[PDB]
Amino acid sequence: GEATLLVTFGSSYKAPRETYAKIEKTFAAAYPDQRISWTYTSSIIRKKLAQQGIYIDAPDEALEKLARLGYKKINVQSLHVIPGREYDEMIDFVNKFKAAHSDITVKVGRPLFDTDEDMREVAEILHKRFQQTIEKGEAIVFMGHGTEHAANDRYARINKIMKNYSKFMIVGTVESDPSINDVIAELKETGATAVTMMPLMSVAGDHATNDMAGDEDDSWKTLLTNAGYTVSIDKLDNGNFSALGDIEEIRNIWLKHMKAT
């Protein structure tokens, strides 16, 4: 008997939690006999959800509960985009758990942008999603968070990989490099005058939605409109802002990572 624990930072908001449900459904369909469990690593988000009647286990709680149920084989899957700080803290609570349980074998699955192969697959999926927009000469801008962690290199790396698919697919980050000014300089080279944006994030969290599309003077929508672009935000059919985890083929990459060799 195998069990799977899905690891994310977490969110208290309805739209990200619908994306989480899609990820659970993808894993449950692939492994219909397995228990699938969740942990949200943000302590404060867990606390706010508890105030709402929604009870999410802390990581140590989540794994101990699996141990107390008899499981000797546990999969712990990162739902992160890059192998950065949160991925490292995953490994840490996984090892704190392995130490207390020498008989339990724990398999760890990597985040989305782990390898060049992963980033090509993501680029192809996003190209497919936006091909009709790209065909009209409109650019697609992907907004990642950005970090000082060395894994920040994935954003510049997937930006270059995306050039094999279209010059109109452009990646930047809010807090690091490539920056919004790099995005604007790249846009200028394409000849586009219209932009569709999407977060290069697993879910469209509340803070990210403001960074991307808010009326704040430094939101990406404002800064691109100041530059003269006509800006649209990508949405799901249900009207929510889209994110990577909403795309079934993206969810399959986390799925494959859980068993990769």
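Numbers follow the displayed sequence, beginning with 1.
When the two stretches 184 to 192 and 138 to 146 are set side by side, the higher mean Cα temperature factor goes to 184 to 192. Set 91 to 99 against 118 to 126 and average the Cα temperature factors; 91 to 99 ends up higher.
In the PDB entry, a CA B factor belonging to the lowest third of its chain's modelled residues is recorded for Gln131. Ranked within its chain, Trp220 lands in the lowest third, by CA B factor from the PDB record. When all modelled residues of the chain are sorted by CA temperature factor, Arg17 is found within the middle third. Residue-level temperature factors show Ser202 in the lowest third of its chain, judged at the C-alpha atom. For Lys65, the recorded CA B-factor ranks within the highest third of the chain. Only modelled residues enter the ranking.
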